[PDB]
*Asks:* 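Handing you a structure now.
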Amino acid sequence: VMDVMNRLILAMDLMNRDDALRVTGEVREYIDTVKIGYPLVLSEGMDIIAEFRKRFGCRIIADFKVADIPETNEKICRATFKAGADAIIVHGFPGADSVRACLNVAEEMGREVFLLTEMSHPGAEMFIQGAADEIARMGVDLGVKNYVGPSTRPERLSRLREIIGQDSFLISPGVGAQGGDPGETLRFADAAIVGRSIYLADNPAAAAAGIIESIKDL
Amino acid sequence: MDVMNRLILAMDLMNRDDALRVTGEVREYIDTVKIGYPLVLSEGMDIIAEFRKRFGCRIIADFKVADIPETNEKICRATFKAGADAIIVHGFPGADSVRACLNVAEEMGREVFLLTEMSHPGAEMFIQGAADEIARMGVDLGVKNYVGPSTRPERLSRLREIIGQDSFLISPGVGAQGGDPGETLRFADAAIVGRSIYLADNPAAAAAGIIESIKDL
Ligand SMILES: O=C1CC(=O)N([C@@H]2O[C@H](COP(=O)(O)O)[C@@H](O)[C@H]2O)C(=O)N1
Ligand SMILES: O=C1CC(=O)N([C@@H]2O[C@H](COP(=O)(O)O)[C@@H](O)[C@H]2O)C(=O)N1
């Protein structure tokens with residue numbers, strides 16, 4: 001599995017190139033894995049991935065929550081990996097064929113797919129939660145090795161970890177701003193995803209250091 | 001929304017030159033283009049303004065927004081700043097995520113399209129069973145624009161029943177995926193067509209032919 005420094009992944013959702021670069025650089029010594037999503041990509045373009053690679057020694061996870069038909073998912077993955085992304089996050093709710101499409105491109109292109117099972121926000125309880133266990137099982141059957149689960153629901157994150165097994169890699173968002181606790185999250189997830197708690201702080205570096213200091217024994 | 005010839009072009013080519021050429025080749029048949037991630041992630045968001053400058057067509061950003069409320073807001077804002085007239089949002093992530101999109105749409109004078117059931121085989125696993133409930137949620141939220149599957153006319157009909165004849169419904173899966181344009185239009189206000197047109201030896205003749213088959217509609 002990817003070696004995530006300090007088990008901490010930065011969710012860089014700032015929408016300004018200068019601010020995104022400044023903050024990421026300020027926490028460079030604490031994090032070597034950055035999750036870049038559409039807020040930043042749709043604001044600065046896919047070239048932002050290249051810029052981050054040039055400026056920092058950071059791994060890039062493209063959080064595009066791919067959720068289209070197989071044919072379109074394939075094109076999205078190809079474009080994303082072509083841009084230099086190490087991994088891409090895909091939704092499992094659209095079904096096995098849509099996930100397989102992403103897995104095939106990742107295999108062909110030598111990159112990785114992360115399967116988003118349950119989400120961390122309140123609305124996830126409406127439809128996603130009830131399908132989450134099956135989505136995770138589907139991922140295991142498809143050979144998925146990387147997963148995303150909610151830090152906001154410990155009991156659910158724990159169940160997801162059980163389904164995918166100790167060997168699978170699991171990252172979890174919802175830490176900090178959404179209420180998730182770093183330590184408790186890491187009882188099940190390999191790495192915690194943190195956005196606002198870090199990028200909106202007066203001193204991102206101190207915020208990151210604080211989170212890391214709280215999970216030092218872990 | 002007034003879609004010319006009840007035909008929306010799904011421009012999923014990933015080359016600026018080809019995308020622009022093909023769209024221009026069928027411009028006389030349409031005035032509504034659906035631009036998705038295949039083109040946007042390959043050529044950038046500036047492509048939307050370019051289409052408006054060259055064709056004046058209305059643009060539907062098919063981004064199947066499916067994140068938490070806070071991120072959805074940012075995605076819609078970035079998308080509408082680029083000049084999109086509407087954005088397609090997944091209903092599966094729940095009401096709060098849809099509401100976030102509705103808020104930005106209202107603020108920037110744009111429209112939100114709610115995707116309720118998808119057209120591919122995999123949609124049967126999880127989406128289909130929640131589709132009716134997702135459509136009702138859309139009604140409860142005041143959503144007026146919807147997306148339903150051409151590949152399952154009975155499901156497209158049920159969606160129309162739920163949202164009413166007043167709501168606007170567009171439907172993909174026509175052509176390449178097996179959907180019939182005429183049957184699709186019995187329920188949807190407009191049919192979305194991609195490959196059957198942009199991969200045709202002659203895109204214009206392909207579009208003309210589709211329109212020819214639905215001229216009585
Ligand atoms: O269930 C999920 C999935 C996900 O990717 N995310 C993303 O994780 C990040 C969370 O950031 P934040 O720490 O709440 O500011 C954002 O980029 C979200 O889009 C989430 O919050 N919930
Ligand atoms: O259920 C759905 C939703 C959707 O937007 N689409 C999109 O509609 C278009 C269909 O294109 P095509 O006519 O099959 O080539 C693509 O851009 C798809 O991503 C779909 O095919 N099914």
Side-chain angles (χ1 to χ4, degrees), chain A residues 2-6 8-66 75-90 105-106 109-114 146 171 173 191 193-201 203-205 207-208, chain B residues 14-16 35-50 61 63 67 70-71 73-79 81-83:
Chain A
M2 56 170 66
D3 173 57
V4 181
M5 182 170 272
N6 289 313
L8 179 62
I9 297 175
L10 174 65
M12 179 35 64
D13 296 312
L14 288 174
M15 303 164 81
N16 172 292
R17 176 181 168 295
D18 304 313
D19 295 330
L21 295 176
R22 189 190 71 256
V23 173
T24 303
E26 301 183 328
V27 301
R28 195 181 196 294
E29 65 188 301
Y30 301 108
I31 302 173
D32 69 355
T33 306
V34 180
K35 184 178 73 68
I36 293 179
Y38 284 136
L40 183 56
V41 165
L42 299 181
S43 293
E44 293 299 332
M46 288 293 275
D47 294 311
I48 197 65
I49 295 179
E51 184 61 49
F52 271 56
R53 287 294 298 175
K54 178 176 177 295
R55 291 289 300 294
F56 322 116
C58 75
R59 183 174 298 99
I60 298 295
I61 296 175
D63 183 8
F64 294 178
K65 295 186 180 58
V66 187
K75 298 183 178 62
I76 290 175
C77 291
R78 288 182 181 293
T80 300
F81 294 141
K82 179 178 181 176
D86 293 285
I88 194 173
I89 303 177
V90 176
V105 177
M109 306 185 69
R111 300 301 166 69
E112 293 185 299
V113 162
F114 273 72
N146 307 294
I171 62 177
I193 294 166
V194 178
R196 286 167 289 172
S197 287
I198 291 177
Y199 73 67
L200 289 181
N203 188 338
Chain B
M14 300 162 73
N15 171 292
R16 177 176 172 292
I35 291 178
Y37 285 138
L39 180 53
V40 165
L41 301 183
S42 297
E43 293 301 334
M45 287 294 273
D46 293 47
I47 191 62
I48 294 174
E50 183 152 57
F63 295 172
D67 218 302
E70 291 91 330
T71 297
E73 188 172 296
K74 297 182 175 184
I75 290 175
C76 295
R77 184 157 306 189
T79 299
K81 282 177 59 181

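Note on naming: letters A, B, ... go to the chains in the order of the sequence lines (proteins, then strands), and numbering restarts at 1 for each one. Every heavy atom of this structure was used, including side-chain atoms; hydrogens, water molecules and symmetry mates were not.
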*Asks:* What distance do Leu8(A) atom CG and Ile171(A) atom CD1 have between them, rounded to the nearest 0.5 Å?
*Replies:*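 Here the interatomic distance stands at 11.5 Å.
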*Asks:* For the CG atom of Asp19(A) and the CE atom of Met12(A), what is their distance to the nearest 0.5 Å?
*Replies:* 9.0 Å
*Asks:* For residues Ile60(A) and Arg53(A), report the shortest heavy-atom separation together with the two atoms involved.
*Replies:* CG1-CD, 4.2 Å
*Asks:* Does a side-chain heavy-atom distance below 4.5 Å link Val105(A) with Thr80(A)?
*Replies:* no
*Asks:* Between CG of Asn6(A) and CG of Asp32(A), what distance do you get to the nearest 0.5 Å?
*Replies:*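 Between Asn6(A) CG and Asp32(A) CG, I get 8.5 Å after rounding to 0.5 Å.
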*Asks:* Rounded to the nearest 0.5 Å, how far apart are OG1 of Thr24(A) and CD of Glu51(A)?
*Replies:* 10.5 Å
*Asks:* Between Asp86(A) and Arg59(A), is the closest basic N to carboxylate O distance under 4.0 Å?
*Replies:*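 Between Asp86(A) and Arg59(A) there is no salt bridge, as every charged N stays at least 4.0 Å from the carboxylate O atoms.
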*Asks:* Distance check, rounded to the nearest 0.5 Å: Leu10(A) atom CG versus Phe56(A) atom CZ?
*Replies:*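 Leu10(A) CG to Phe56(A) CZ: 9.5 Å, rounded to 0.5 Å.
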*Asks:* As a test of understanding, state which of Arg77(B), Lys74(B), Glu73(B) forms a side-chain contact (heavy atoms from CB on, under 4.5 Å) with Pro39(A).
*Replies:* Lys74(B)
*Asks:* Do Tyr38(A) and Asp67(B) have side chains that get closer than 4.5 Å, going by heavy atoms?
*Replies:* no
*Asks:* If you compare all heavy atoms of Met2(A) against all heavy atoms of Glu112(A), which two are closest, and at what distance to 0.1 Å?
*Replies:* CE-OE1, 3.9 Å
*Asks:* Using 0.5 Å steps for rounding, measure from the CD1 atom of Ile61(A) to the CG atom of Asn146(A).
*Replies:* 8.0 Å
*Asks:* Can you find a heavy atom in the side chain of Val40(B) that is under 4.5 Å from one in the side chain of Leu42(A)?
*Replies:* yes
*Asks:* When you compare the side chain of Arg111(A) with that of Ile88(A), does any pair of heavy atoms fall below 4.5 Å?
*Replies:* no
*Asks:* Under a 4.5 Å cut-off applied to non-hydrogen side-chain atoms, are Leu40(A) and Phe52(A) in contact?
*Replies:* yes
*Asks:* Ignoring hydrogens, what is the shortest heavy-atom contact between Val34(A) and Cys58(A)? Give both atom names and the distance.
*Replies:*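 Heavy-atom minimum between the residues: CG2-SG, 3.7 Å.
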